[PDB]
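What follows is one structure encoded as structure tokens, with my remarks underneath.
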Amino acid sequence: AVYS
Amino acid sequence: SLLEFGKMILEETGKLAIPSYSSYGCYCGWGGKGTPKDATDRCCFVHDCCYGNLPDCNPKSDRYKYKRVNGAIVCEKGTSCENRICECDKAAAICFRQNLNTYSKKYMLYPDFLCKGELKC
């Protein structure tokens, strides 16, 4: 997971 | 953390965080330059500003707990960093839900060079  | 944030977003909007919100417009994701492209992108801008209000917290890794009270997001009590991170995320999730009507695929994978102008938090 990573939307940053 | 991004783990809790992804699950909120999915619950709220029914879209997966990656790829729907990880490369959208100028602020959802990695990014941080220019004028936000639309309401959704604005949610990401305000969310980035929200994290920016927390210096000594770690939003990407720090884990908080939250529960649903008939749909309502309720941040459960952890460290002060976890509490404030959860509130930033909760606001973003709702902002996303509020703007679903104008979400546009045209802004997915939006190129960096078109991310022009300036905006201060």
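The figures that follow rest on heavy atoms only: side chains count, while hydrogens, waters and symmetry mates do not. In what follows, every chain begins at residue 1, and chains take the letters A, B, ... in the order their sequences are listed.
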- Whichever hydrophobic residues join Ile18(B) through chains of side-chain contacts under 4.5 Å: none

- Task: For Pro36(B) and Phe45(B), work out which heavy atoms get closest and say how close.
- Result: CG-CB, 3.9 Å

- Can you find a pair of side-chain heavy atoms, one from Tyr103(B) and one from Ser20(B), that are under 4.5 Å apart? yes

- Task: Would you mind reporting whether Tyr107(B) and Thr40(B) have side-chain heavy atoms less than 4.5 Å apart?
- Result: no

- If you take all heavy atoms of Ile73(B) and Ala93(B), which pair is closest and at what distance? CD1-CB, 4.3 Å

- Spatial distance of atom SG (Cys75(B)) from atom CZ (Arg84(B)) [nearest 0.5 Å]: 13.0 Å

- Please check if the distance between the ring centroids of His47(B) and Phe5(B) is under 6.0 Å. yes

- Side-chain (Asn101(B)) to main-chain (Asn99(B)) donor-acceptor, under 3.5 angstrom: yes

- Task: Please name the residue in the list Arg68(B), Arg97(B), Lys90(B) that meets the salt bridge (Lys or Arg N to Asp or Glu O under 4.0 Å) test with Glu12(B).
- Result: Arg68(B)

- Message: Test your reading of the model: is there a side-chain donor-acceptor pair from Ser23(B) to the backbone of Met108(B), 3.5 Å cut-off?
- Response: no

- Message: In the structure I gave you, are the side-chain heavy atoms of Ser104(B) and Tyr24(B) within less than 4.5 Å of one another anywhere?
- Response: yes

- Using links of under 4.5 Å between side-chain heavy atoms of ILVMFWY residues, direct or through other members, which residues join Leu10(B) in one cluster? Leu16(B)

- Any chance the SG atoms on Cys43(B) and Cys28(B) come in under 2.5 Å? no

- Note on the structure: dist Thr13(B):OG1 -> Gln98(B):CD (nearest 0.5 Å) comes out at 13.5 Å

- Query: So, do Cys44(B) and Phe96(B) sit near enough that their side-chain heavy atoms are less than 4.5 Å apart?
  - Reply: yes

- Item | Contacts of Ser1(B) that satisfy side-chain hydrogen bond (donor to acceptor under 3.5 Å, both in side chains) - sequence neighbours left out | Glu4(B)

Distance-only donor-acceptor hits, side chain of residues 52-67 of chain B, under 3.5 Å, sequence neighbours excluded:
unit_1: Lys60(B); atom_1: NZ; unit_2: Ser4(A); atom_2: O; d: 3.2
unit_1: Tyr64(B); atom_1: OH; unit_2: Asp89(B); atom_2: OD2; d: 2.7
unit_1: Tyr66(B); atom_1: OH; unit_2: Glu11(B); atom_2: OE1; d: 2.8

- The side-chain hydrogen bond (donor to acceptor under 3.5 Å, both in side chains) partners of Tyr21(B) (sequence neighbours excluded) come to none

- Closest non-hydrogen contact found for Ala17(B) with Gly6(B) is CB-CA, 4.0 Å

- Query: What residues, two or more places apart in sequence or in another chain, satisfy side-chain contact (heavy atoms from CB on, under 4.5 Å) together with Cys26(B)?
  - Reply: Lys37(B), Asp41(B), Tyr110(B), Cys115(B)

- Item | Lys33(B) side chain reached by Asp112(B) side chain, heavy atoms, under 4.5 Å | no

